[PDB]
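Participant: Going line by line, the protein sequences match chains A and B. Counting from 347, one number per residue, gives the positions in the first sequence under full-length UniProt numbering. Counting from 132, one number per residue, gives the positions in the second sequence under full-length UniProt numbering. The beta carbon of each residue, even a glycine, is placed where N, CA and C say it ideally should be. I have a structure here, written as structure tokens, and I will follow up with some questions on it.
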Amino acid sequence: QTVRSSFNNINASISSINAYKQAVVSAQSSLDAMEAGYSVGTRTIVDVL
Amino acid sequence: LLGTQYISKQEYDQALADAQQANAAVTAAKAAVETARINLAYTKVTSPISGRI
């Protein structure tokens, strides 16, 4: 079991990063989306925060 | 809120436009009011001269 226990974990663990790593990218431009939108002032700064 | 947090410079500008926008409308109604009035109190005398009627 333990053999199959973590061996799954790590892999699913792998899937974790790949999601959030993208997800970071998701927020990443998401941040960037803000700053520009705030830079141009189309939007508030609070959002950027 | 200008320069402050929520004001959202563009979104602000929308409003300032609006106040810019409606006042001109106010320009019109006044012009209209000005119009209609000059119709009303227009009645009647006197023409552009004074003297024996």
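1. Within the 8 Å Cβ cut-off, does residue 151 of chain B reach chain A?
2. Measure the Cβ-Cβ separation of residue 132 of chain B and residue 138 of chain B and say whether it is below 8 Å.
3. Between the Cα of residue 375 of chain A and the Cα atoms of A:351, A:350, A:348 and A:394, which residue gives the shortest distance?
4. Should residue 390 of chain A be flagged as near chain B, meaning a C-beta pair shorter than 8 Å?
5. Taking its Cβ as the centre, do 16 or more other Cβ atoms sit within 10 Å of residue 135 of chain B, making it buried, or is it exposed?
6. Residue 136 of chain B versus chain A: which residues are under 7 Å apart at the beta carbon?
Facilitator: So, from the data block:
1. no
2. With respect to residue 138 of chain B, residue 132 of chain B sits close: the two C-beta atoms are nearer than 8 Å.
3. A:394
4. yes
5. exposed
6. 390, 391 and 392
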